[PDB]
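Only one structure is covered here, and it is reproduced in the block below.
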Amino acid sequence: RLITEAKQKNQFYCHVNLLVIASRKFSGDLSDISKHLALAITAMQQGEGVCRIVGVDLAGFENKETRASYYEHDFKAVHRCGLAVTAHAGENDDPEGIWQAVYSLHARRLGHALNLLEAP
Amino acid sequence: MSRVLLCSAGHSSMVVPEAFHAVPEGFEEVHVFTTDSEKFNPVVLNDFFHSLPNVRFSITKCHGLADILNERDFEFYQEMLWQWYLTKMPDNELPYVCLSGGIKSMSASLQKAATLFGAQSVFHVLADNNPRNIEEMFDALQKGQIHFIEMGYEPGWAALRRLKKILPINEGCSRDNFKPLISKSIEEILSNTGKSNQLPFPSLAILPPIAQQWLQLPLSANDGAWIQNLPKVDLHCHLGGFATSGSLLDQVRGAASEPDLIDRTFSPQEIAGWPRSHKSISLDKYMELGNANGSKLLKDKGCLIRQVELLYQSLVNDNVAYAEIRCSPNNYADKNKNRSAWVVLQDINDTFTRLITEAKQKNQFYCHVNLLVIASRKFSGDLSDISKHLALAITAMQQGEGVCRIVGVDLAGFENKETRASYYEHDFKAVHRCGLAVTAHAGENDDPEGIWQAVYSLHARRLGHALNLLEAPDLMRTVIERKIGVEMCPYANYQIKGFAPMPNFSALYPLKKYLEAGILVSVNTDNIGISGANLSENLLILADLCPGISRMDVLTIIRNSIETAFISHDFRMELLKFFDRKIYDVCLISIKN
Amino acid sequence: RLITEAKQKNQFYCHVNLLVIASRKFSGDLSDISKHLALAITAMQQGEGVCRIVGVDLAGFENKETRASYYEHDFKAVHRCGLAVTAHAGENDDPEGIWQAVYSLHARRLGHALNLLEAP
Ligand SMILES: [Mg+2]
């Protein structure tokens, strides 16, 4: 509604898309990730409307043994259905974690990762 | 260094002597165009210029016309004036041209001609008293009454000059036979963000707007010269198919170390109309046509070196600035002469390195070449050869130092579903971890699922052929968003599958769709010798395979080819810089023809 | 060259073959193991020469951090080309480590393992 109203005034507007973030909860119930992702695959199917869902965020791992390949069983779906993912392998993670994230999650983008220099 | 003065007049015949003194440095050549108006007296200008024999004066009269009255008179005058401007043009330097004489029509036409074909300094003569007697302009010059005004330098277009040879210099003619190529231009200038901001090579924004729209024109068969002069990139080329018949085959055979070990009795069977086949052919005969070469003849080391040198020379001849070659080191190895696959690859690497170094040392045009270790399927074929090839590629990359380098691996051969890419997904872990690149050829006749495994299990950055992608919309979506290049050979697929205008065919080339969708398509040659067509011919044939394609989609294709090559970043910047400068010069000089 | 010189004079000579040791790092540039394996395969592919490459060594810190349950899928490659593999699980190791070094790495030869008495 906001985008349509701004465009009707023919002034300068800002296109905006949402990315549903996976839960940052390793503890508690683990079905939260599944319901979040299944919500995403449904949300992308609205179709109409200037605004859209176009990807998910994979933040939620605490840089511990979780890494990013633990949740890998659940991500064969979003790529098959045409969505996108976004890792957040920043904080304090070794190069191996970013490597396995980018080569199993196949993240089109990547969050932070400031210490990438030490891994040519 | 002589300037040519061009002028025209309808009632003021005396502007030329005034314009003669525009610059105190002295003017050399003056030429005037005028209709058949009986009012004009050339005698006054003749006696004025007889005072300076060093200046050569030409009087050109528009035969059959005295004044513009209607459409036909205007177009006739315009054609003859353009022909005269083309004829009197100095072949090196832009001229000095004035347009004070003549009514608005001739002045505007001369101004448009100058803006098209260029002029060193176009200007206007400002006469306050409009002198009629000979002495008066000299008096004004002494006083300073006569004023000269110019709007600035006007380069015009760089290379449209060989039209004076395209149209022979002929003075005896009429308006019945004129050339509507300038009106064809006029129509093309603004006839048609499909092509506005799709401009690659940001230096492409410097050419005059006539060029900036000329590139948008549909491609034609007569574009061979520009395509040949255009630097190109080939990313899917099989070395085992460069020399297949004729002079190349004779040369490679004669350079063999052991002539007795080769046979000169078998030749591939000719196909009527080859390369433009009238009937689609199966794959088996396509590989059979290359039976004269391959492994039965390339085992010899001298044959290897001769073939590599000949291929490099042909690539340089085709103005190719960068290419990646596909070679099977194991297919040419021979343990009897201690010719291992590694030895073959090392020989090919040193040969290419020496060739490119020699070419660069003389500061000539050199085609940078990188290798591709094809992991031949070998359906059963002692399947450990796959791991052998992977290890060989890994260690070849690990060799490291050098200018010519192995950059990736390719898997192909026996494309049928029995040898799909859903088998060796577990072996490719090491080759991907060490740092190599992956290419997977699949999709000519395979299911729409094998591509998904290839892109998402092997993480292949390039897809061979995949001609049937148009029937899998989700595959289009994922390929487009993941920025996965598609290398695809026009003429080879035309000969194998068949597309319009193939007789008794309805299937159309999915190229144009692949471009407008946004797939990073890169045109390649596959097997030069078997197909009998280089990169230039492959680009040229697109006008028949994909009608309505423009001359700028090929530039976008080449940009995609640069983007999808498994190369380092800094080398990419250097390649883009050199390539865009070269393209700019090529399009500045091209349409001359 | 040395063995050929020794044999040409008809004197006692010592035939020797080389083993490529896959040095254990487990800290950085983990692709070094794959590089070593590829180098060993290409080295044995030389074929000619009385002195050649016959096997690889899985030496290094034989602790639990680098047991045999890590790279067996990559060792499928070296085993495909008919190359012998020598393991080393003899210092500060438990019986199950020796066990799946034998049965997953399929080490045709085993190193050390002094405490094999306690595992009948
Ligand atoms: Mg091919």
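As shown in the structure tokens, the chain order sets the letters A, B, ...; within each chain, residues go from 1, and ligands are also counted from 1 in the order they appear.
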
I need the residues of region 450-509 of chain B that end up classed as helix (DSSP H, G or I) by DSSP on the backbone, written out as a PyMOL selection string. chain B and resi 450-456+469-471+473-482+490-496

Please produce a file of those selected residues containing N, CA, C and O atoms, as a short mmCIF file (atom, residue, chain, number, x, y, z; two decimals), in the first residue's frame.
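Saved result, out-v3.cif, follows:
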data_model
loop_
_atom_site.label_atom_id
_atom_site.label_comp_id
_atom_site.auth_asym_id
_atom_site.auth_seq_id
_atom_site.Cartn_x
_atom_site.Cartn_y
_atom_site.Cartn_z
N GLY B 450 18.47 -33.81 -14.46
CA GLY B 450 19.92 -33.96 -14.41
C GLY B 450 20.65 -32.64 -14.32
O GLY B 450 21.69 -32.55 -13.67
N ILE B 451 20.12 -31.60 -14.97
CA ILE B 451 20.72 -30.28 -14.85
C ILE B 451 20.69 -29.80 -13.40
O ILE B 451 21.64 -29.18 -12.92
N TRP B 452 19.58 -30.07 -12.69
CA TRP B 452 19.48 -29.64 -11.31
C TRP B 452 20.54 -30.31 -10.44
O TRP B 452 21.19 -29.65 -9.61
N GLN B 453 20.74 -31.61 -10.62
CA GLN B 453 21.80 -32.30 -9.90
C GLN B 453 23.16 -31.73 -10.27
O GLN B 453 24.00 -31.48 -9.40
N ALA B 454 23.40 -31.50 -11.57
CA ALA B 454 24.70 -31.02 -12.01
C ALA B 454 25.02 -29.66 -11.40
O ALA B 454 26.15 -29.41 -10.98
N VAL B 455 24.03 -28.77 -11.34
CA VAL B 455 24.29 -27.42 -10.83
C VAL B 455 24.32 -27.42 -9.31
O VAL B 455 24.99 -26.58 -8.69
N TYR B 456 23.61 -28.35 -8.67
CA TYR B 456 23.45 -28.29 -7.23
C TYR B 456 24.14 -29.42 -6.48
O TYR B 456 24.14 -29.41 -5.24
N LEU B 469 16.18 -26.35 -22.11
CA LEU B 469 15.88 -25.68 -20.85
C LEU B 469 14.55 -24.92 -20.90
O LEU B 469 13.94 -24.71 -19.85
N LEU B 470 14.10 -24.54 -22.10
CA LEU B 470 12.90 -23.71 -22.25
C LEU B 470 11.64 -24.37 -21.72
O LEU B 470 10.66 -23.66 -21.46
N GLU B 471 11.63 -25.69 -21.54
CA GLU B 471 10.46 -26.41 -21.07
C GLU B 471 10.49 -26.66 -19.56
O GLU B 471 9.64 -27.38 -19.05
N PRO B 473 10.59 -24.13 -16.59
CA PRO B 473 10.66 -22.73 -16.12
C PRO B 473 11.42 -22.56 -14.81
O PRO B 473 12.16 -21.58 -14.65
N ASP B 474 11.27 -23.49 -13.87
CA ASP B 474 11.98 -23.37 -12.60
C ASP B 474 13.48 -23.51 -12.81
O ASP B 474 14.28 -22.87 -12.12
N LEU B 475 13.89 -24.35 -13.77
CA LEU B 475 15.30 -24.45 -14.11
C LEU B 475 15.82 -23.14 -14.68
O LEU B 475 16.93 -22.71 -14.34
N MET B 476 15.04 -22.49 -15.55
CA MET B 476 15.40 -21.14 -15.98
C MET B 476 15.57 -20.20 -14.80
O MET B 476 16.55 -19.46 -14.73
N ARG B 477 14.63 -20.23 -13.86
CA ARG B 477 14.69 -19.30 -12.73
C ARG B 477 15.96 -19.52 -11.92
O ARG B 477 16.69 -18.57 -11.61
N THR B 478 16.25 -20.78 -11.57
CA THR B 478 17.41 -21.05 -10.73
C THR B 478 18.71 -20.78 -11.48
O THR B 478 19.66 -20.25 -10.89
N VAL B 479 18.78 -21.12 -12.77
CA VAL B 479 19.99 -20.85 -13.54
C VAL B 479 20.23 -19.34 -13.63
O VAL B 479 21.36 -18.87 -13.47
N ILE B 480 19.17 -18.57 -13.86
CA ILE B 480 19.31 -17.13 -13.98
C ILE B 480 19.75 -16.51 -12.66
O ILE B 480 20.67 -15.69 -12.62
N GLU B 481 19.11 -16.91 -11.55
CA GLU B 481 19.45 -16.26 -10.28
C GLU B 481 20.82 -16.69 -9.78
O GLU B 481 21.53 -15.91 -9.14
N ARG B 482 21.22 -17.93 -10.06
CA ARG B 482 22.52 -18.40 -9.60
C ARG B 482 23.66 -17.96 -10.51
O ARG B 482 24.82 -18.25 -10.20
N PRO B 490 26.41 -22.89 -31.86
CA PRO B 490 25.30 -22.75 -32.82
C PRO B 490 25.34 -23.75 -33.96
O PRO B 490 24.37 -24.49 -34.18
N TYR B 491 26.45 -23.80 -34.70
CA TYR B 491 26.47 -24.57 -35.93
C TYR B 491 26.45 -26.07 -35.65
O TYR B 491 25.81 -26.83 -36.38
N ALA B 492 27.13 -26.50 -34.59
CA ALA B 492 27.14 -27.92 -34.25
C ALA B 492 25.75 -28.41 -33.87
O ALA B 492 25.31 -29.47 -34.32
N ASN B 493 25.04 -27.64 -33.04
CA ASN B 493 23.68 -28.02 -32.67
C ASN B 493 22.74 -27.94 -33.87
O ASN B 493 21.82 -28.75 -33.99
N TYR B 494 22.97 -26.98 -34.76
CA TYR B 494 22.18 -26.90 -35.98
C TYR B 494 22.37 -28.15 -36.83
O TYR B 494 21.40 -28.69 -37.38
N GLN B 495 23.61 -28.62 -36.95
CA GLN B 495 23.88 -29.82 -37.74
C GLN B 495 23.33 -31.07 -37.05
O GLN B 495 22.87 -32.00 -37.72
N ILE B 496 23.37 -31.10 -35.72
CA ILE B 496 22.94 -32.29 -34.99
C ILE B 496 21.42 -32.31 -34.82
O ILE B 496 20.74 -33.21 -35.31
#

Per-residue nearest contacts of chain B to chain C (8 Å; only C-alpha atoms) as a Markdown table:
| residue | atom | partner | partner_atom | distance |
| --- | --- | --- | --- | --- |
| B:335 | CA | C:47 | CA | 7.5 |
| B:338 | CA | C:48 | CA | 6.9 |
| B:340 | CA | C:46 | CA | 6.5 |
| B:342 | CA | C:42 | CA | 7.5 |
| B:384 | CA | C:80 | CA | 5.4 |
| B:385 | CA | C:81 | CA | 7.8 |
| B:387 | CA | C:77 | CA | 5.6 |
| B:388 | CA | C:41 | CA | 7.0 |
| B:390 | CA | C:38 | CA | 7.6 |
| B:391 | CA | C:38 | CA | 4.1 |
| B:392 | CA | C:42 | CA | 6.0 |
| B:394 | CA | C:38 | CA | 6.4 |
| B:395 | CA | C:39 | CA | 5.9 |
| B:398 | CA | C:35 | CA | 7.8 |
| B:426 | CA | C:73 | CA | 7.3 |
| B:427 | CA | C:74 | CA | 6.9 |
| B:429 | CA | C:74 | CA | 7.7 |
| B:430 | CA | C:34 | CA | 5.7 |
| B:431 | CA | C:34 | CA | 8.0 |
| B:433 | CA | C:31 | CA | 6.0 |
| B:434 | CA | C:31 | CA | 5.2 |

Residues from last step as file, N, CA, C and O atoms, as a compact mmCIF listing (two decimals), in the first residue's frame:
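Result file follows (result16.txt):
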# COMPACT_ATOMS: atom_id res chain seq x y z
N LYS B 335 52.23 -45.62 -23.08
CA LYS B 335 53.27 -46.12 -22.19
C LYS B 335 54.45 -46.72 -22.94
O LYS B 335 55.55 -46.78 -22.38
N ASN B 338 56.93 -44.21 -23.31
CA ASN B 338 56.97 -43.47 -22.04
C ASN B 338 56.24 -42.13 -22.16
O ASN B 338 56.68 -41.11 -21.64
N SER B 340 53.26 -40.66 -20.87
CA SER B 340 52.17 -40.65 -19.92
C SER B 340 51.25 -39.46 -20.18
O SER B 340 51.58 -38.53 -20.92
N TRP B 342 50.40 -37.18 -18.01
CA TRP B 342 51.02 -35.99 -17.44
C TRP B 342 52.04 -35.40 -18.39
O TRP B 342 52.16 -34.17 -18.51
N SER B 384 38.02 -46.05 -13.01
CA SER B 384 39.02 -45.36 -12.20
C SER B 384 39.73 -44.26 -12.99
O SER B 384 40.43 -43.43 -12.40
N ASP B 385 39.57 -44.25 -14.32
CA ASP B 385 40.11 -43.17 -15.12
C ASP B 385 39.54 -41.82 -14.70
O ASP B 385 40.20 -40.79 -14.87
N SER B 387 38.90 -40.83 -11.54
CA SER B 387 39.75 -40.39 -10.44
C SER B 387 41.15 -40.05 -10.93
O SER B 387 41.78 -39.11 -10.43
N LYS B 388 41.65 -40.80 -11.91
CA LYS B 388 42.96 -40.48 -12.49
C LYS B 388 42.96 -39.09 -13.11
O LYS B 388 43.89 -38.30 -12.90
N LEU B 390 40.91 -36.60 -12.39
CA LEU B 390 40.78 -35.60 -11.34
C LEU B 390 42.12 -35.35 -10.66
O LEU B 390 42.50 -34.19 -10.42
N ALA B 391 42.87 -36.41 -10.35
CA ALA B 391 44.18 -36.25 -9.74
C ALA B 391 45.14 -35.51 -10.66
O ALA B 391 45.90 -34.64 -10.22
N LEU B 392 45.11 -35.85 -11.95
CA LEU B 392 45.99 -35.18 -12.91
C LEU B 392 45.67 -33.69 -12.99
O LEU B 392 46.59 -32.86 -13.01
N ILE B 394 44.25 -31.87 -10.63
CA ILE B 394 44.62 -31.24 -9.36
C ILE B 394 46.11 -30.95 -9.33
O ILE B 394 46.53 -29.84 -8.97
N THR B 395 46.94 -31.92 -9.71
CA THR B 395 48.38 -31.69 -9.66
C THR B 395 48.83 -30.71 -10.74
O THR B 395 49.78 -29.94 -10.52
N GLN B 398 48.22 -27.52 -9.31
CA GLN B 398 49.20 -27.33 -8.24
C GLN B 398 50.58 -26.99 -8.76
O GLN B 398 51.41 -26.48 -7.99
N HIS B 426 30.07 -37.81 -5.55
CA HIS B 426 30.90 -37.98 -4.36
C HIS B 426 32.39 -37.80 -4.63
O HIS B 426 33.13 -37.43 -3.71
N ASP B 427 32.85 -38.05 -5.86
CA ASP B 427 34.26 -37.90 -6.17
C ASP B 427 34.70 -36.44 -6.27
O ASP B 427 35.85 -36.13 -5.95
N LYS B 429 34.46 -33.89 -4.60
CA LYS B 429 34.71 -33.10 -3.40
C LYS B 429 36.12 -32.53 -3.38
O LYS B 429 36.32 -31.35 -3.09
N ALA B 430 37.12 -33.36 -3.70
CA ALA B 430 38.51 -32.93 -3.59
C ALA B 430 38.86 -31.88 -4.64
O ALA B 430 39.50 -30.87 -4.33
N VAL B 431 38.45 -32.11 -5.89
CA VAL B 431 38.76 -31.17 -6.96
C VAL B 431 38.12 -29.82 -6.69
O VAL B 431 38.69 -28.77 -7.02
N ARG B 433 37.40 -28.69 -3.53
CA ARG B 433 38.03 -28.12 -2.35
C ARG B 433 39.39 -27.50 -2.66
O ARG B 433 39.71 -26.43 -2.14
N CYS B 434 40.20 -28.15 -3.51
CA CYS B 434 41.53 -27.63 -3.78
C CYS B 434 41.46 -26.26 -4.46
O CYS B 434 42.32 -25.40 -4.23

Counting only C-alpha atoms and all ligand atoms, what are the residues, protein, DNA or RNA alike, that approach ligand 1 to within 7 Å? I want them as a PyMOL selection string. chain B and resi 236-238+526-527

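Omitting region 93-100 of chain C and its sequence neighbours fewer than 5 positions away, and counting only C-alpha atoms, the residues within 8 Å are residues 62, 63, 64, 67, 68, 69, 105, 113, 116 and 119 of chain C.
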
With N, CA, C and O atoms retained, could you export that selection as a JSON list (two decimals), in the first residue's frame?
[["chain", "number", "residue", "atom", "x", "y", "z"],
["C", 62, "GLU", "N", 47.83, -39.34, 15.44],
["C", 62, "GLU", "CA", 46.86, -40.42, 15.35],
["C", 62, "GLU", "C", 45.78, -40.34, 16.43],
["C", 62, "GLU", "O", 45.11, -41.34, 16.69],
["C", 63, "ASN", "N", 45.60, -39.17, 17.05],
["C", 63, "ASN", "CA", 44.61, -39.01, 18.10],
["C", 63, "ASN", "C", 43.20, -39.12, 17.53],
["C", 63, "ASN", "O", 42.99, -39.31, 16.33],
["C", 64, "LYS", "N", 42.21, -39.00, 18.42],
["C", 64, "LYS", "CA", 40.82, -39.13, 18.02],
["C", 64, "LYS", "C", 40.40, -38.04, 17.04],
["C", 64, "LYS", "O", 39.47, -38.24, 16.24],
["C", 67, "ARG", "N", 40.94, -39.51, 13.28],
["C", 67, "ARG", "CA", 40.73, -40.94, 13.12],
["C", 67, "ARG", "C", 40.36, -41.24, 11.67],
["C", 67, "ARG", "O", 40.40, -40.37, 10.79],
["C", 68, "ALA", "N", 39.99, -42.49, 11.39],
["C", 68, "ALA", "CA", 39.74, -42.95, 10.04],
["C", 68, "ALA", "C", 38.32, -42.69, 9.56],
["C", 68, "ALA", "O", 37.97, -43.10, 8.45],
["C", 69, "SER", "N", 37.49, -42.03, 10.36],
["C", 69, "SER", "CA", 36.09, -41.78, 10.02],
["C", 69, "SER", "C", 35.89, -40.40, 9.41],
["C", 69, "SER", "O", 34.84, -39.78, 9.61],
["C", 105, "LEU", "N", 39.22, -47.37, 6.10],
["C", 105, "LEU", "CA", 40.38, -47.05, 5.29],
["C", 105, "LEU", "C", 40.91, -48.25, 4.53],
["C", 105, "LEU", "O", 41.53, -48.07, 3.47],
["C", 113, "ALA", "N", 50.60, -49.95, 16.88],
["C", 113, "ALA", "CA", 49.51, -50.61, 17.61],
["C", 113, "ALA", "C", 50.07, -51.63, 18.61],
["C", 113, "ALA", "O", 49.83, -52.84, 18.52],
["C", 116, "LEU", "N", 47.57, -53.91, 21.10],
["C", 116, "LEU", "CA", 46.63, -54.82, 20.45],
["C", 116, "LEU", "C", 46.34, -56.05, 21.30],
["C", 116, "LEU", "O", 45.37, -56.77, 21.01],
["C", 119, "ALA", "N", 42.70, -56.45, 23.01],
["C", 119, "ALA", "CA", 41.53, -56.51, 22.14],
["C", 119, "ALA", "C", 41.57, -57.83, 21.38],
["C", 119, "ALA", "O", 42.01, -57.89, 20.23]]

Find the residues near region 248-251 of chain B: any atom within 10 Å, counting only C-alpha atoms, skip ones fewer than 6 places away on the same chain, and give them as an mmCIF file with N, CA and C atoms, in the first residue's frame.
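selection-v8.cif, written as the output of this step:
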data_model
loop_
_atom_site.group_PDB
_atom_site.id
_atom_site.type_symbol
_atom_site.label_atom_id
_atom_site.label_comp_id
_atom_site.auth_asym_id
_atom_site.auth_seq_id
_atom_site.Cartn_x
_atom_site.Cartn_y
_atom_site.Cartn_z
ATOM 1 N N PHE B 242 40.350 -30.055 -34.128
ATOM 2 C CA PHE B 242 40.777 -28.871 -34.867
ATOM 3 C C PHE B 242 41.083 -29.211 -36.319
ATOM 4 N N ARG B 264 47.442 -42.657 -44.461
ATOM 5 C CA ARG B 264 46.946 -41.586 -45.316
ATOM 6 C C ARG B 264 45.919 -42.100 -46.321
ATOM 7 N N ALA B 292 39.421 -39.268 -38.646
ATOM 8 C CA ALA B 292 40.750 -39.061 -39.207
ATOM 9 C C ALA B 292 41.715 -38.461 -38.194
ATOM 10 N N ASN B 293 41.200 -37.820 -37.147
ATOM 11 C CA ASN B 293 42.030 -37.283 -36.079
ATOM 12 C C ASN B 293 41.546 -37.826 -34.742
ATOM 13 N N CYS B 303 53.259 -34.605 -33.861
ATOM 14 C CA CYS B 303 51.880 -34.325 -34.246
ATOM 15 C C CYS B 303 51.184 -33.469 -33.197
ATOM 16 N N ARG B 306 52.577 -29.864 -33.555
ATOM 17 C CA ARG B 306 52.082 -29.240 -34.776
ATOM 18 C C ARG B 306 50.608 -28.882 -34.653
ATOM 19 N N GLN B 307 49.801 -29.785 -34.090
ATOM 20 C CA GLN B 307 48.380 -29.504 -33.919
ATOM 21 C C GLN B 307 48.162 -28.325 -32.984
ATOM 22 N N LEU B 310 49.181 -25.099 -34.786
ATOM 23 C CA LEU B 310 48.212 -24.759 -35.823
ATOM 24 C C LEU B 310 46.920 -24.223 -35.217
ATOM 25 N N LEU B 311 46.447 -24.844 -34.133
ATOM 26 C CA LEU B 311 45.240 -24.361 -33.470
ATOM 27 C C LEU B 311 45.442 -22.958 -32.916
ATOM 28 N N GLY B 529 37.042 -28.352 -36.767
ATOM 29 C CA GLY B 529 37.287 -29.091 -37.995
ATOM 30 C C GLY B 529 36.087 -29.890 -38.465
#

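The gap separating CA of residue 46 (chain B) from CA of residue 103 (chain B) is 22.9 Å, in Å to one decimal.
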
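Computed from the coordinates, the CA of residue 191 (chain B) to CA of residue 206 (chain B) distance equals 20.7 Å.
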
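In this model, the gap between CA of residue 317 (chain B) and CA of residue 231 (chain B) comes to 10.6 Å.
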